[PDB]
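So this one's input.cif, mmCIF, N, CA and C atoms:
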data_start
loop_
_atom_site.group_PDB
_atom_site.id
_atom_site.type_symbol
_atom_site.label_atom_id
_atom_site.label_comp_id
_atom_site.auth_asym_id
_atom_site.auth_seq_id
_atom_site.Cartn_x
_atom_site.Cartn_y
_atom_site.Cartn_z
ATOM 1 N N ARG A 718 -26.055 98.343 -207.502
ATOM 2 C CA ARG A 718 -25.390 97.641 -206.423
ATOM 3 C C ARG A 718 -23.976 98.160 -206.320
ATOM 4 N N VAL A 719 -23.545 98.405 -205.109
ATOM 5 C CA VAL A 719 -22.225 98.924 -204.871
ATOM 6 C C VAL A 719 -21.573 98.150 -203.765
ATOM 7 N N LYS A 720 -20.275 98.058 -203.842
ATOM 8 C CA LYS A 720 -19.502 97.418 -202.802
ATOM 9 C C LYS A 720 -18.968 98.475 -201.846
ATOM 10 N N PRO A 721 -19.643 98.662 -200.710
ATOM 11 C CA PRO A 721 -19.321 99.715 -199.764
ATOM 12 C C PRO A 721 -18.264 99.276 -198.756
ATOM 13 N N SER A 722 -17.550 100.243 -198.188
ATOM 14 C CA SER A 722 -16.438 99.956 -197.296
ATOM 15 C C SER A 722 -15.874 101.264 -196.746
ATOM 16 N N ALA A 723 -14.572 101.310 -196.519
ATOM 17 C CA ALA A 723 -13.925 102.516 -196.043
ATOM 18 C C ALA A 723 -12.467 102.547 -196.473
ATOM 19 N N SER A 724 -11.939 103.737 -196.683
ATOM 20 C CA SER A 724 -10.563 103.886 -197.102
ATOM 21 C C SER A 724 -9.927 104.989 -196.283
ATOM 22 N N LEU A 725 -9.204 104.597 -195.250
ATOM 23 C CA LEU A 725 -8.692 105.543 -194.296
ATOM 24 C C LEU A 725 -7.689 106.477 -194.955
ATOM 25 N N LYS A 726 -7.735 107.729 -194.553
ATOM 26 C CA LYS A 726 -6.887 108.760 -195.132
ATOM 27 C C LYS A 726 -5.618 108.911 -194.311
ATOM 28 N N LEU A 727 -5.684 108.492 -193.051
ATOM 29 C CA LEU A 727 -4.503 108.460 -192.207
ATOM 30 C C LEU A 727 -3.594 107.343 -192.720
ATOM 31 N N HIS A 728 -2.478 107.707 -193.332
ATOM 32 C CA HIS A 728 -1.659 106.732 -194.047
ATOM 33 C C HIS A 728 -0.397 106.358 -193.283
ATOM 34 N N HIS A 729 -0.534 106.151 -191.980
ATOM 35 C CA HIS A 729 0.577 105.703 -191.141
ATOM 36 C C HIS A 729 0.118 105.540 -189.701
ATOM 37 N N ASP A 730 1.044 105.193 -188.826
ATOM 38 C CA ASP A 730 0.736 105.023 -187.416
ATOM 39 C C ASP A 730 0.639 106.371 -186.716
ATOM 40 N N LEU A 731 -0.125 106.398 -185.640
ATOM 41 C CA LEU A 731 -0.301 107.591 -184.843
ATOM 42 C C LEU A 731 0.530 107.518 -183.580
ATOM 43 N N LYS A 732 1.171 108.614 -183.232
ATOM 44 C CA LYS A 732 1.963 108.674 -182.011
ATOM 45 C C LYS A 732 1.230 109.454 -180.925
ATOM 46 N N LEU A 733 0.677 108.723 -179.969
ATOM 47 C CA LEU A 733 -0.079 109.315 -178.869
ATOM 48 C C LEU A 733 0.659 109.139 -177.554
ATOM 49 N N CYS A 734 0.242 109.903 -176.566
ATOM 50 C CA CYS A 734 0.712 109.738 -175.207
ATOM 51 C C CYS A 734 -0.388 109.065 -174.406
ATOM 52 N N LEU A 735 -0.183 108.880 -173.119
ATOM 53 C CA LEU A 735 -1.153 108.155 -172.337
ATOM 54 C C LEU A 735 -2.250 109.089 -171.896
ATOM 55 N N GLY A 736 -3.465 108.602 -171.995
ATOM 56 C CA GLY A 736 -4.614 109.447 -171.789
ATOM 57 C C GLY A 736 -4.954 110.212 -173.050
ATOM 58 N N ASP A 737 -4.277 109.868 -174.143
ATOM 59 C CA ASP A 737 -4.557 110.493 -175.437
ATOM 60 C C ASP A 737 -5.561 109.685 -176.240
ATOM 61 N N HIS A 738 -6.383 110.390 -176.998
ATOM 62 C CA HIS A 738 -7.256 109.771 -177.981
ATOM 63 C C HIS A 738 -6.741 110.161 -179.354
ATOM 64 N N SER A 739 -7.337 109.639 -180.403
ATOM 65 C CA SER A 739 -6.847 109.934 -181.741
ATOM 66 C C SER A 739 -7.974 110.331 -182.683
ATOM 67 N N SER A 740 -7.587 110.750 -183.870
ATOM 68 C CA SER A 740 -8.525 111.140 -184.904
ATOM 69 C C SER A 740 -7.999 110.703 -186.266
ATOM 70 N N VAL A 741 -8.616 109.677 -186.819
ATOM 71 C CA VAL A 741 -8.182 109.110 -188.082
ATOM 72 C C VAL A 741 -9.202 109.412 -189.171
ATOM 73 N N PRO A 742 -8.820 110.253 -190.137
ATOM 74 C CA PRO A 742 -9.697 110.636 -191.226
ATOM 75 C C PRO A 742 -9.893 109.491 -192.202
ATOM 76 N N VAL A 743 -11.138 109.206 -192.557
ATOM 77 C CA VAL A 743 -11.429 108.114 -193.476
ATOM 78 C C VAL A 743 -12.372 108.525 -194.602
ATOM 79 N N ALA A 744 -11.877 108.437 -195.819
ATOM 80 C CA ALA A 744 -12.702 108.596 -197.000
ATOM 81 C C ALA A 744 -13.384 107.277 -197.294
ATOM 82 N N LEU A 745 -14.610 107.198 -196.836
ATOM 83 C CA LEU A 745 -15.354 105.961 -196.790
ATOM 84 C C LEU A 745 -15.879 105.565 -198.161
ATOM 85 N N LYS A 746 -16.194 104.291 -198.301
ATOM 86 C CA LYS A 746 -16.680 103.751 -199.554
ATOM 87 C C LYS A 746 -18.135 103.348 -199.417
ATOM 88 N N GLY A 747 -18.854 103.497 -200.495
ATOM 89 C CA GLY A 747 -20.266 103.186 -200.501
ATOM 90 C C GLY A 747 -21.110 104.432 -200.445
ATOM 91 N N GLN A 748 -21.928 104.628 -201.458
ATOM 92 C CA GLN A 748 -22.687 105.860 -201.587
ATOM 93 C C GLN A 748 -24.151 105.643 -201.237
ATOM 94 N N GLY A 749 -24.550 106.207 -200.107
ATOM 95 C CA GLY A 749 -25.896 106.036 -199.604
ATOM 96 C C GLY A 749 -25.884 105.767 -198.122
ATOM 97 N N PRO A 750 -27.040 105.498 -197.513
ATOM 98 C CA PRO A 750 -27.122 105.208 -196.086
ATOM 99 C C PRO A 750 -26.529 103.844 -195.748
ATOM 100 N N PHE A 751 -25.258 103.832 -195.373
ATOM 101 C CA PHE A 751 -24.579 102.591 -195.034
ATOM 102 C C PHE A 751 -24.217 102.544 -193.558
ATOM 103 N N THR A 752 -24.369 101.375 -192.951
ATOM 104 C CA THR A 752 -24.018 101.210 -191.554
ATOM 105 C C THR A 752 -22.571 100.786 -191.452
ATOM 106 N N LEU A 753 -21.753 101.738 -191.055
ATOM 107 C CA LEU A 753 -20.317 101.583 -191.048
ATOM 108 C C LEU A 753 -19.842 101.075 -189.694
ATOM 109 N N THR A 754 -19.256 99.891 -189.682
ATOM 110 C CA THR A 754 -18.748 99.309 -188.457
ATOM 111 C C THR A 754 -17.243 99.110 -188.554
ATOM 112 N N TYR A 755 -16.514 99.568 -187.553
ATOM 113 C CA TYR A 755 -15.068 99.436 -187.566
ATOM 114 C C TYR A 755 -14.526 99.061 -186.187
ATOM 115 N N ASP A 756 -13.370 98.405 -186.180
ATOM 116 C CA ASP A 756 -12.760 97.915 -184.949
ATOM 117 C C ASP A 756 -11.445 98.611 -184.655
ATOM 118 N N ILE A 757 -11.397 99.291 -183.524
ATOM 119 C CA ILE A 757 -10.144 99.773 -182.991
ATOM 120 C C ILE A 757 -9.605 98.706 -182.052
ATOM 121 N N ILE A 758 -8.740 97.872 -182.584
ATOM 122 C CA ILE A 758 -8.288 96.696 -181.881
ATOM 123 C C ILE A 758 -6.891 96.891 -181.337
ATOM 124 N N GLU A 759 -6.587 96.249 -180.232
ATOM 125 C CA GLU A 759 -5.256 96.339 -179.681
ATOM 126 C C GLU A 759 -4.423 95.146 -180.112
ATOM 127 N N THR A 760 -3.201 95.421 -180.518
ATOM 128 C CA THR A 760 -2.253 94.387 -180.843
ATOM 129 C C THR A 760 -1.629 93.877 -179.556
ATOM 130 N N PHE A 761 -2.015 94.534 -178.467
ATOM 131 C CA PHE A 761 -1.483 94.254 -177.151
ATOM 132 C C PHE A 761 -2.042 92.936 -176.615
ATOM 133 N N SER A 762 -3.307 92.653 -176.932
ATOM 134 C CA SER A 762 -3.922 91.387 -176.548
ATOM 135 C C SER A 762 -5.272 91.174 -177.244
ATOM 136 N N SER A 763 -6.338 91.789 -176.724
ATOM 137 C CA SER A 763 -7.682 91.523 -177.233
ATOM 138 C C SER A 763 -8.719 92.548 -176.738
ATOM 139 N N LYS A 764 -8.292 93.769 -176.426
ATOM 140 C CA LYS A 764 -9.238 94.812 -176.015
ATOM 141 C C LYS A 764 -9.836 95.486 -177.243
ATOM 142 N N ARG A 765 -10.365 94.665 -178.130
ATOM 143 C CA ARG A 765 -10.946 95.119 -179.372
ATOM 144 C C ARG A 765 -12.147 96.030 -179.139
ATOM 145 N N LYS A 766 -12.044 97.249 -179.645
ATOM 146 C CA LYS A 766 -13.109 98.217 -179.566
ATOM 147 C C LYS A 766 -13.869 98.200 -180.878
ATOM 148 N N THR A 767 -15.157 98.385 -180.800
ATOM 149 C CA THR A 767 -16.001 98.369 -181.978
ATOM 150 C C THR A 767 -16.943 99.573 -181.981
ATOM 151 N N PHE A 768 -17.026 100.259 -183.113
ATOM 152 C CA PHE A 768 -17.903 101.405 -183.249
ATOM 153 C C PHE A 768 -18.722 101.253 -184.525
ATOM 154 N N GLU A 769 -20.004 101.545 -184.429
ATOM 155 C CA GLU A 769 -20.917 101.394 -185.546
ATOM 156 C C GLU A 769 -21.720 102.673 -185.772
ATOM 157 N N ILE A 770 -21.560 103.264 -186.947
ATOM 158 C CA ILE A 770 -22.288 104.464 -187.314
ATOM 159 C C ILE A 770 -23.200 104.154 -188.488
ATOM 160 N N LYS A 771 -24.500 104.184 -188.255
ATOM 161 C CA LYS A 771 -25.447 103.828 -189.284
ATOM 162 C C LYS A 771 -25.713 104.988 -190.219
ATOM 163 N N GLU A 772 -26.031 104.625 -191.446
ATOM 164 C CA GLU A 772 -26.409 105.562 -192.496
ATOM 165 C C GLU A 772 -25.348 106.629 -192.736
ATOM 166 N N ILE A 773 -24.088 106.238 -192.874
ATOM 167 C CA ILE A 773 -23.081 107.208 -193.249
ATOM 168 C C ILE A 773 -23.262 107.515 -194.725
ATOM 169 N N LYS A 774 -23.538 108.767 -195.010
ATOM 170 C CA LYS A 774 -23.779 109.212 -196.365
ATOM 171 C C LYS A 774 -22.712 110.228 -196.726
ATOM 172 N N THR A 775 -21.542 110.026 -196.136
ATOM 173 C CA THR A 775 -20.449 110.976 -196.237
ATOM 174 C C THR A 775 -19.458 110.617 -197.350
ATOM 175 N N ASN A 776 -18.703 109.530 -197.131
ATOM 176 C CA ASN A 776 -17.651 109.060 -198.055
ATOM 177 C C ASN A 776 -16.357 109.824 -197.822
ATOM 178 N N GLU A 777 -16.382 110.673 -196.806
ATOM 179 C CA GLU A 777 -15.217 111.426 -196.362
ATOM 180 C C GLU A 777 -15.446 111.916 -194.944
ATOM 181 N N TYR A 778 -15.131 111.075 -193.981
ATOM 182 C CA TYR A 778 -15.460 111.357 -192.593
ATOM 183 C C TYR A 778 -14.284 111.023 -191.697
ATOM 184 N N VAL A 779 -13.866 111.970 -190.877
ATOM 185 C CA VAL A 779 -12.761 111.710 -189.989
ATOM 186 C C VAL A 779 -13.261 111.188 -188.651
ATOM 187 N N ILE A 780 -12.705 110.053 -188.289
ATOM 188 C CA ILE A 780 -13.133 109.283 -187.143
ATOM 189 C C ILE A 780 -12.391 109.718 -185.886
ATOM 190 N N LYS A 781 -13.078 109.679 -184.757
ATOM 191 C CA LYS A 781 -12.464 109.983 -183.483
ATOM 192 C C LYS A 781 -12.419 108.725 -182.646
ATOM 193 N N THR A 782 -11.218 108.283 -182.366
ATOM 194 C CA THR A 782 -11.009 107.075 -181.608
ATOM 195 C C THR A 782 -10.948 107.379 -180.118
ATOM 196 N N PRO A 783 -11.553 106.496 -179.299
ATOM 197 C CA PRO A 783 -11.693 106.695 -177.848
ATOM 198 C C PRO A 783 -10.353 106.875 -177.149
ATOM 199 N N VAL A 784 -10.390 107.518 -175.992
ATOM 200 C CA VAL A 784 -9.186 107.829 -175.243
ATOM 201 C C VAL A 784 -8.464 106.554 -174.806
ATOM 202 N N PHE A 785 -7.155 106.545 -174.977
ATOM 203 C CA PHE A 785 -6.346 105.406 -174.594
ATOM 204 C C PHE A 785 -5.585 105.724 -173.315
ATOM 205 N N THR A 786 -6.069 105.191 -172.207
ATOM 206 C CA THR A 786 -5.515 105.496 -170.893
ATOM 207 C C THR A 786 -4.318 104.615 -170.578
ATOM 208 N N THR A 787 -3.744 104.047 -171.622
ATOM 209 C CA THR A 787 -2.585 103.175 -171.491
ATOM 210 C C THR A 787 -1.830 103.064 -172.805
ATOM 211 N N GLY A 788 -0.569 103.490 -172.777
ATOM 212 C CA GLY A 788 0.336 103.259 -173.883
ATOM 213 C C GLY A 788 0.297 101.836 -174.411
ATOM 214 N N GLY A 789 -0.122 101.709 -175.657
ATOM 215 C CA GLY A 789 -0.165 100.426 -176.325
ATOM 216 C C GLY A 789 -0.124 100.591 -177.831
ATOM 217 N N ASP A 790 -0.511 99.562 -178.559
ATOM 218 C CA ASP A 790 -0.524 99.618 -180.015
ATOM 219 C C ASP A 790 -1.863 99.133 -180.516
ATOM 220 N N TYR A 791 -2.548 99.971 -181.260
ATOM 221 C CA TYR A 791 -3.887 99.653 -181.703
ATOM 222 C C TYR A 791 -3.998 99.816 -183.210
ATOM 223 N N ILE A 792 -4.912 99.086 -183.818
ATOM 224 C CA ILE A 792 -5.179 99.203 -185.230
ATOM 225 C C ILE A 792 -6.664 99.417 -185.451
ATOM 226 N N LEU A 793 -7.004 100.482 -186.146
ATOM 227 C CA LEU A 793 -8.374 100.703 -186.529
ATOM 228 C C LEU A 793 -8.611 100.069 -187.886
ATOM 229 N N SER A 794 -9.417 99.035 -187.869
ATOM 230 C CA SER A 794 -9.711 98.251 -189.042
ATOM 231 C C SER A 794 -11.206 98.338 -189.319
ATOM 232 N N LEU A 795 -11.637 97.757 -190.418
ATOM 233 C CA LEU A 795 -13.032 97.804 -190.805
ATOM 234 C C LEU A 795 -13.703 96.469 -190.512
ATOM 235 N N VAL A 796 -14.826 96.507 -189.797
ATOM 236 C CA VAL A 796 -15.518 95.284 -189.414
ATOM 237 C C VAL A 796 -16.475 94.843 -190.506
ATOM 238 N N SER A 797 -17.397 95.727 -190.849
ATOM 239 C CA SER A 797 -18.474 95.418 -191.776
ATOM 240 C C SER A 797 -19.280 96.678 -192.061
ATOM 241 N N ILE A 798 -19.952 96.707 -193.194
ATOM 242 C CA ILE A 798 -20.812 97.825 -193.541
ATOM 243 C C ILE A 798 -22.177 97.286 -193.936
ATOM 244 N N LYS A 799 -23.165 98.147 -194.053
ATOM 245 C CA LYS A 799 -24.520 97.691 -194.301
ATOM 246 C C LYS A 799 -25.228 98.587 -195.300
ATOM 247 N N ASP A 800 -25.673 97.985 -196.382
ATOM 248 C CA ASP A 800 -26.436 98.682 -197.412
ATOM 249 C C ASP A 800 -27.802 99.048 -196.861
ATOM 250 N N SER A 801 -28.420 100.060 -197.459
ATOM 251 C CA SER A 801 -29.680 100.609 -196.977
ATOM 252 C C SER A 801 -30.826 99.594 -197.067
ATOM 253 N N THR A 802 -30.597 98.479 -197.752
ATOM 254 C CA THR A 802 -31.585 97.411 -197.806
ATOM 255 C C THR A 802 -31.324 96.429 -196.663
ATOM 256 N N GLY A 803 -30.325 96.763 -195.863
ATOM 257 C CA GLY A 803 -29.928 95.929 -194.759
ATOM 258 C C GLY A 803 -29.031 94.799 -195.205
ATOM 259 N N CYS A 804 -28.038 95.124 -196.015
ATOM 260 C CA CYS A 804 -27.119 94.113 -196.513
ATOM 261 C C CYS A 804 -25.720 94.351 -195.964
ATOM 262 N N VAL A 805 -25.245 93.446 -195.128
ATOM 263 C CA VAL A 805 -23.938 93.607 -194.513
ATOM 264 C C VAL A 805 -22.840 93.079 -195.440
ATOM 265 N N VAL A 806 -21.827 93.902 -195.643
ATOM 266 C CA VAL A 806 -20.702 93.569 -196.495
ATOM 267 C C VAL A 806 -19.438 93.428 -195.657
ATOM 268 N N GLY A 807 -18.697 92.363 -195.909
ATOM 269 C CA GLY A 807 -17.450 92.132 -195.207
ATOM 270 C C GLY A 807 -16.384 93.123 -195.617
ATOM 271 N N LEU A 808 -15.991 93.976 -194.686
ATOM 272 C CA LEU A 808 -15.043 95.029 -194.980
ATOM 273 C C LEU A 808 -13.605 94.553 -194.886
ATOM 274 N N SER A 809 -12.869 94.756 -195.963
ATOM 275 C CA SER A 809 -11.444 94.503 -195.976
ATOM 276 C C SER A 809 -10.758 95.543 -196.856
ATOM 277 N N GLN A 810 -10.420 96.668 -196.248
ATOM 278 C CA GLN A 810 -9.720 97.752 -196.928
ATOM 279 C C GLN A 810 -8.736 98.405 -195.951
ATOM 280 N N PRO A 811 -7.848 99.318 -196.417
ATOM 281 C CA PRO A 811 -6.755 99.871 -195.593
ATOM 282 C C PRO A 811 -7.151 100.236 -194.159
ATOM 283 N N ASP A 812 -6.245 99.924 -193.240
ATOM 284 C CA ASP A 812 -6.441 100.144 -191.810
ATOM 285 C C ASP A 812 -5.499 101.222 -191.299
ATOM 286 N N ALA A 813 -5.753 101.686 -190.085
ATOM 287 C CA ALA A 813 -4.916 102.708 -189.466
ATOM 288 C C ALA A 813 -4.286 102.154 -188.205
ATOM 289 N N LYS A 814 -3.167 102.710 -187.789
ATOM 290 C CA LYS A 814 -2.561 102.279 -186.550
ATOM 291 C C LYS A 814 -2.434 103.445 -185.587
ATOM 292 N N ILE A 815 -2.809 103.193 -184.353
ATOM 293 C CA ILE A 815 -2.716 104.165 -183.286
ATOM 294 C C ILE A 815 -1.737 103.648 -182.237
ATOM 295 N N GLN A 816 -0.570 104.256 -182.164
ATOM 296 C CA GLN A 816 0.452 103.824 -181.221
ATOM 297 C C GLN A 816 0.493 104.781 -180.035
ATOM 298 N N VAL A 817 0.021 104.298 -178.907
ATOM 299 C CA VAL A 817 -0.059 105.093 -177.694
ATOM 300 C C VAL A 817 1.130 104.795 -176.793
ATOM 301 N N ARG A 818 1.678 105.819 -176.182
ATOM 302 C CA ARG A 818 2.796 105.647 -175.271
ATOM 303 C C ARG A 818 2.489 106.297 -173.939
ATOM 304 N N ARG A 819 3.382 106.146 -172.984
ATOM 305 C CA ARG A 819 3.179 106.715 -171.666
ATOM 306 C C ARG A 819 4.213 107.791 -171.374
ATOM 307 N N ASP A 820 3.740 109.019 -171.253
ATOM 308 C CA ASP A 820 4.598 110.153 -170.974
ATOM 309 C C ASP A 820 4.674 110.393 -169.472
#
Mind turning this structure into structure tokens?
Amino acid sequence: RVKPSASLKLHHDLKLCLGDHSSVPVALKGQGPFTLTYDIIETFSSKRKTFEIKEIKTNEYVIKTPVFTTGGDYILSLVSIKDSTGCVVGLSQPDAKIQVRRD
């Protein structure tokens, strides 16, 4: 039994322009086919984005965050992960920040 999760390698906020997307490298936790769910959430209000990649067997995967067509402030956090037996684990490990601006 393992406690799976994610540990982002991007160790600070990202400076983007408008219409920019980002790429946050994450050395993920949990060894085996895990369903990795994470939230790219806005601190701006509630445009919380959610992405789920099943059976991540990587433990070192750089994530590509969707294009931000508006300068704002976002945090990529971890929602939940899933063991290959179908066991969802509450993810609470380091998060990333994506700060988008308008050029």
**Item:** Near-residue 738 of chain A list (6.5 Å; only N, CA and C atoms; drop same-chain fewer than 5 positions) as a PyMOL selection string
**Value:** chain A and resi 782-785
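Distance annotation: of A:736, A:777, A:743, A:770, the residue with the minimal separation from residue 724 of chain A is A:743; atom set is all atoms listed in the file.
The interatomic distance for the pair atom CA of residue 734 of chain A and atom CA of residue 755 of chain A works out to 22.5 Å.
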**Request:** Please provide the set of residues having any atom within 8 Å of residue 746 of chain A, restricted to all atoms listed in the file, with same-chain residues fewer than 3 positions apart removed, written as a VMD selection string.
**Result:** chain A and resid 719 to 725 743 749 751 775 to 777
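When the PyMOL selection byres ((chain A and resi 820) around 6) is evaluated on the file shown here, the picked residues come out as residues 734, 735, 818 and 819 of chain A.
The gap separating atom CA of residue 799 of chain A from atom CA of residue 760 of chain A is 26.2 Å, in Å to one decimal.
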**Request:** Using only N, CA and C atoms, pick whichever of A:718, A:757, A:767, A:780 has the shortest atom-to-atom distance to residue 742 of chain A.
**Result:** A:780
**Request:** Compile the contact shell of residue 768 of chain A as a ChimeraX atom specification: residues with an atom at most 8 Å away, counting all atoms listed in the file, same-chain residues fewer than 6 positions apart removed.
**Result:** /A:752-757,796
**Request:** Find the residues near residue 792 of chain A: any atom within 6 Å, counting only C-alpha atoms, skip ones fewer than 3 places away on the same chain, and give them as a PyMOL selection string.
**Result:** chain A and resi 757-758+813-815
Could you please give me, as a PDB file with N, CA and C atoms, in the frame of the given file, the residues of protein, DNA or RNA lying at most 12 Å from (-5.2, 94.8, -175.9) in the coordinate frame of the file, considering only C-alpha atoms?
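result-v7.pdb, written as the output of this step:
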ATOM      1  N   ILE A 757     -11.397  99.291-183.524  1.00  0.00           N
ATOM      2  CA  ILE A 757     -10.144  99.773-182.991  1.00  0.00           C
ATOM      3  C   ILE A 757      -9.605  98.706-182.052  1.00  0.00           C
ATOM      4  N   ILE A 758      -8.740  97.872-182.584  1.00  0.00           N
ATOM      5  CA  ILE A 758      -8.288  96.696-181.881  1.00  0.00           C
ATOM      6  C   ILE A 758      -6.891  96.891-181.337  1.00  0.00           C
ATOM      7  N   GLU A 759      -6.587  96.249-180.232  1.00  0.00           N
ATOM      8  CA  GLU A 759      -5.256  96.339-179.681  1.00  0.00           C
ATOM      9  C   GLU A 759      -4.423  95.146-180.112  1.00  0.00           C
ATOM     10  N   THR A 760      -3.201  95.421-180.518  1.00  0.00           N
ATOM     11  CA  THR A 760      -2.253  94.387-180.843  1.00  0.00           C
ATOM     12  C   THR A 760      -1.629  93.877-179.556  1.00  0.00           C
ATOM     13  N   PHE A 761      -2.015  94.534-178.467  1.00  0.00           N
ATOM     14  CA  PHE A 761      -1.483  94.254-177.151  1.00  0.00           C
ATOM     15  C   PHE A 761      -2.042  92.936-176.615  1.00  0.00           C
ATOM     16  N   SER A 762      -3.307  92.653-176.932  1.00  0.00           N
ATOM     17  CA  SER A 762      -3.922  91.387-176.548  1.00  0.00           C
ATOM     18  C   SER A 762      -5.272  91.174-177.244  1.00  0.00           C
ATOM     19  N   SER A 763      -6.338  91.789-176.724  1.00  0.00           N
ATOM     20  CA  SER A 763      -7.682  91.523-177.233  1.00  0.00           C
ATOM     21  C   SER A 763      -8.719  92.548-176.738  1.00  0.00           C
ATOM     22  N   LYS A 764      -8.292  93.769-176.426  1.00  0.00           N
ATOM     23  CA  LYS A 764      -9.238  94.812-176.015  1.00  0.00           C
ATOM     24  C   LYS A 764      -9.836  95.486-177.243  1.00  0.00           C
ATOM     25  N   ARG A 765     -10.365  94.665-178.130  1.00  0.00           N
ATOM     26  CA  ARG A 765     -10.946  95.119-179.372  1.00  0.00           C
ATOM     27  C   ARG A 765     -12.147  96.030-179.139  1.00  0.00           C
ATOM     28  N   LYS A 766     -12.044  97.249-179.645  1.00  0.00           N
ATOM     29  CA  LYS A 766     -13.109  98.217-179.566  1.00  0.00           C
ATOM     30  C   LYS A 766     -13.869  98.200-180.878  1.00  0.00           C
ATOM     31  N   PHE A 785      -7.155 106.545-174.977  1.00  0.00           N
ATOM     32  CA  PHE A 785      -6.346 105.406-174.594  1.00  0.00           C
ATOM     33  C   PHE A 785      -5.585 105.724-173.315  1.00  0.00           C
ATOM     34  N   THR A 786      -6.069 105.191-172.207  1.00  0.00           N
ATOM     35  CA  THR A 786      -5.515 105.496-170.893  1.00  0.00           C
ATOM     36  C   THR A 786      -4.318 104.615-170.578  1.00  0.00           C
ATOM     37  N   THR A 787      -3.744 104.047-171.622  1.00  0.00           N
ATOM     38  CA  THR A 787      -2.585 103.175-171.491  1.00  0.00           C
ATOM     39  C   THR A 787      -1.830 103.064-172.805  1.00  0.00           C
ATOM     40  N   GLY A 788      -0.569 103.490-172.777  1.00  0.00           N
ATOM     41  CA  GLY A 788       0.336 103.259-173.883  1.00  0.00           C
ATOM     42  C   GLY A 788       0.297 101.836-174.411  1.00  0.00           C
ATOM     43  N   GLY A 789      -0.122 101.709-175.657  1.00  0.00           N
ATOM     44  CA  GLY A 789      -0.165 100.426-176.325  1.00  0.00           C
ATOM     45  C   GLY A 789      -0.124 100.591-177.831  1.00  0.00           C
ATOM     46  N   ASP A 790      -0.511  99.562-178.559  1.00  0.00           N
ATOM     47  CA  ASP A 790      -0.524  99.618-180.015  1.00  0.00           C
ATOM     48  C   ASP A 790      -1.863  99.133-180.516  1.00  0.00           C
ATOM     49  N   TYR A 791      -2.548  99.971-181.260  1.00  0.00           N
ATOM     50  CA  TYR A 791      -3.887  99.653-181.703  1.00  0.00           C
ATOM     51  C   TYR A 791      -3.998  99.816-183.210  1.00  0.00           C
ATOM     52  N   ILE A 792      -4.912  99.086-183.818  1.00  0.00           N
ATOM     53  CA  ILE A 792      -5.179  99.203-185.230  1.00  0.00           C
ATOM     54  C   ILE A 792      -6.664  99.417-185.451  1.00  0.00           C
ATOM     55  N   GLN A 816      -0.570 104.256-182.164  1.00  0.00           N
ATOM     56  CA  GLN A 816       0.452 103.824-181.221  1.00  0.00           C
ATOM     57  C   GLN A 816       0.493 104.781-180.035  1.00  0.00           C
ATOM     58  N   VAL A 817       0.021 104.298-178.907  1.00  0.00           N
ATOM     59  CA  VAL A 817      -0.059 105.093-177.694  1.00  0.00           C
ATOM     60  C   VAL A 817       1.130 104.795-176.793  1.00  0.00           C
TER      61      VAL A 817
END
Output of segment 772-783 of chain A limited to N, CA and C atoms, as a compact mmCIF listing (two decimals), in the first residue's frame:
# COMPACT_ATOMS: atom_id res chain seq x y z
N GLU A 772 -3.97 6.35 -14.74
CA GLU A 772 -2.86 5.42 -14.84
C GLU A 772 -1.53 6.12 -15.11
N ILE A 773 -1.21 7.17 -14.36
CA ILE A 773 0.10 7.76 -14.50
C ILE A 773 1.09 6.84 -13.82
N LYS A 774 2.03 6.35 -14.60
CA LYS A 774 3.03 5.42 -14.11
C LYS A 774 4.39 6.07 -14.26
N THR A 775 4.39 7.39 -14.15
CA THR A 775 5.56 8.20 -14.41
C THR A 775 6.35 8.53 -13.14
N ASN A 776 5.77 9.38 -12.29
CA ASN A 776 6.40 9.87 -11.05
C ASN A 776 7.33 11.03 -11.34
N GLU A 777 7.33 11.44 -12.60
CA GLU A 777 8.09 12.60 -13.06
C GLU A 777 7.52 13.08 -14.38
N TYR A 778 6.50 13.90 -14.32
CA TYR A 778 5.76 14.29 -15.51
C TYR A 778 5.49 15.78 -15.50
N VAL A 779 5.85 16.47 -16.56
CA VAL A 779 5.61 17.89 -16.61
C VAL A 779 4.26 18.18 -17.26
N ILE A 780 3.48 18.93 -16.53
CA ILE A 780 2.10 19.21 -16.86
C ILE A 780 1.98 20.44 -17.75
N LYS A 781 1.02 20.42 -18.66
CA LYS A 781 0.75 21.56 -19.50
C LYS A 781 -0.60 22.12 -19.15
N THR A 782 -0.59 23.34 -18.65
CA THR A 782 -1.80 24.00 -18.23
C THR A 782 -2.42 24.77 -19.38
N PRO A 783 -3.76 24.74 -19.48
CA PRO A 783 -4.52 25.33 -20.59
C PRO A 783 -4.25 26.82 -20.76
